[PDB]
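Participant: Enclosed are the sequence and the experimentally obtained structure.
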Amino acid sequence: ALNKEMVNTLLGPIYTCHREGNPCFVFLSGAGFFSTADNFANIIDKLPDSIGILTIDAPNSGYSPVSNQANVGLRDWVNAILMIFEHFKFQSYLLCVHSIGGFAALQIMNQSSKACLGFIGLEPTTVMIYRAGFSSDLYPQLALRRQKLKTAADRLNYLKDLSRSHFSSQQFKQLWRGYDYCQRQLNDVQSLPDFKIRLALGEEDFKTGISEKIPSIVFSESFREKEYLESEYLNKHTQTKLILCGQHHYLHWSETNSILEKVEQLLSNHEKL
């Protein structure tokens, strides 16, 4: 199983789950309230026990503390993650992220003295989509999906239905225990005037691509192919791939057989291993 630990950072305590082993698979979630280990259970459960695991919950999500993020920058969050990296023994790692976790991931791989062996992205947020806004008409299909989900209940029920289809009843309930715990803590602060639930991105955060030296495996729904082909998440590495699959944004829930297949292939052929 995974060891739970609140690790100290300049941003205050950060919830982590950890398993020894080298290289270490480091997980970062998208925007949401799910705890990261729960969020990525279908990938974590499938990795060989010999492989390390580190999951990290962002502030105001999962079991990390709630706090105002108004004065927090991506650099601050990246520095906190790097402190967390230094807290554990692994010497090399792969980053596996969903959605907004892509932004931190790019800086981490560019700044960490530990060796990155690979990036695994499940619809990582691009500067392009970010500038436009997820669900902003750029993609008519995203605009229609968002428009269908009128109410908070609709949006919640959509996630509930989706997760229900892709997790065991046990991992489903656990996933939602984290969501509900997070939302409960958020009730105390989210209606306060100055409160910002997440750090704001700036232009200075959009100037980093992935090194040519690091293989990248990106998974995305087919309609986003061009965006990703032109994106900061792809490079010319002989092992880098763009895999088109899935019917929704949560590929780390539903496409883990395919993800594991690509991951195993990446590791078996990596000249730094």
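Facilitator: Perfect, thanks for sending it. Numbers count the residues shown, from 1 in each chain.
Participant: Please report the distance of the nearest residue to residue 247 once chain neighbours are set aside from residue 228.
Facilitator: Among residues not flanking residue 247 along the chain, residue 221 sits closest, at 7.0 Å (C-beta to C-beta, 6 or more residues apart in numbering). (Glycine included, C-beta is placed from N, CA and C.) Going from residue 221 to residue 228 by C-beta to C-beta, to the nearest Å gives 10 Å.
Participant: And these two? Which one has more around it.
Facilitator: Remark: of residue 221 and residue 228, residue 228 carries more neighbours, 24 against 18, as counted by other C-beta atoms under 10 Å.
Participant: chain center to the helix or strand the more buried one falls within, what's the gap?
Facilitator: Counting by DSSP states H and E, the element that carries residue 228 is helix 225-229. How far helix 225-229 lies from its chain's middle: 19 Å, per C-alpha atoms, centre = their mean, to the nearest Å.
Participant: Now do it: which elements does it pack against?
Facilitator: Helices and strands touching helix 225-229, by 3 or more C-beta pairs under 8 Å, 6 or more residues apart in numbering; DSSP states H and E, are strand 216-220, strand 241-244.
Participant: Give the residue farthest from the middle of this protein.
Facilitator: Using C-alpha atoms, centre = their mean, the residue of the chain lying farthest from its centre is residue 193. It sits 28.2 Å away.
Participant: Let me know the secondary structure of that one.
Facilitator: Here residue 193 is recorded as coil under DSSP: H, G, I helix; E, B strand; the rest coil.
Participant: among the helices and strands packed on helix 225-229, which is nearest residue 139?
Facilitator: With C-beta to C-beta as the measure, strand 216-220 is the member of the helices and strands packed on helix 225-229 nearest residue 139 (11.4 Å).
Participant: looking at the helices and strands packed on helix 225-229, which is closest to residue 189?
Facilitator: Closest to residue 189 of the helices and strands packed on helix 225-229, according to C-beta to C-beta: strand 216-220, at 34.0 Å.
Participant: how much distance is there from that closest one to the middle of the chain?
Facilitator: Relative to its parent chain, strand 216-220 has a centroid offset of 13 Å by C-alpha atoms, centre = their mean.
Participant: Same check on stretch 113-120?
Facilitator: How far stretch 113-120 lies from its chain's middle: 15 Å, per C-alpha atoms, centre = their mean.
Participant: Helices of the protein, start to end?
Facilitator: Under the criterion DSSP state H, helices of the chain are mapped to 36-39, 41-44, 74-87, 101-111, 127-132, 140-148, 152-166, 169-187, 225-229, 251-254, 256-268.
Participant: Now do the contacts for residue 219.
Facilitator: Going by C-beta atoms under 8 Å, 6 or more residues apart in numbering, residue 219 touches 120-123, 243-246, 251, 255, 258-259, 262.
Participant: just residue 254 next, same as before
Facilitator: Here residue 254 is in contact with 162, 165-166, 246-248 (C-beta under 8 Å, 6+ apart).
Participant: now do 7 Å
Facilitator: Contacts for residue 254 (C-beta atoms under 7 Å, 6 or more residues apart in numbering) come out as 166, 246, 248.
Participant: from those, which would you call buried?
Facilitator: For those, a neighbour count by 16 or more other C-beta atoms under 10 Å gives the buried set as 166, 246.
Participant: Now tabulate the contacts of residue 254 in a markdown table and tack on distance to residue 158.
Facilitator: Below are the contacts of residue 254 laid out as a markdown table (distance: C-beta to C-beta, whole Å):
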| residue | distance to residue 158 |
| --- | --- |
| 166 | 13 |
| 246 | 15 |
| 248 | 9 |
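Participant: quick one: which of the contacts of residue 254 is nearest to residue 134?
Facilitator: Closest to residue 134 out of these is residue 248 (12.9 Å), distances taken as C-beta to C-beta.
Participant: is it true that that closest one touches residue 162?
Facilitator: Yes: when contacts are counted by C-beta atoms under 7 Å, residue 248 is listed as touching residue 162 (6.3 Å).
Participant: what sits in contact with each of the two?
Facilitator: By C-beta under 7 Å, 6+ apart, no residue touches both residue 248 and residue 162.
Participant: Kindly format the C-alpha coordinates of stretch 238-255 as CSV.
Facilitator: C-alpha atoms of stretch 238-255 as CSV (Å, rounded to 0.1, in the frame of the first residue of the first chain):
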residue,chain,number,x,y,z
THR,A,238,12.1,8.4,-31.0
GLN,A,239,9.9,7.2,-28.0
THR,A,240,7.5,10.1,-27.9
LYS,A,241,4.0,9.3,-29.0
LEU,A,242,0.6,10.9,-29.3
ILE,A,243,-2.2,8.3,-28.6
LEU,A,244,-5.7,9.2,-29.7
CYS,A,245,-8.4,7.4,-27.6
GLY,A,246,-11.3,7.9,-25.2
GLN,A,247,-14.7,9.6,-25.2
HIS,A,248,-14.1,12.1,-22.3
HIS,A,249,-11.5,14.2,-20.5
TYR,A,250,-10.7,11.6,-17.8
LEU,A,251,-8.5,9.2,-19.7
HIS,A,252,-6.6,8.3,-16.5
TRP,A,253,-9.8,6.7,-15.3
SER,A,254,-11.0,4.9,-18.4
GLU,A,255,-8.0,4.1,-20.7
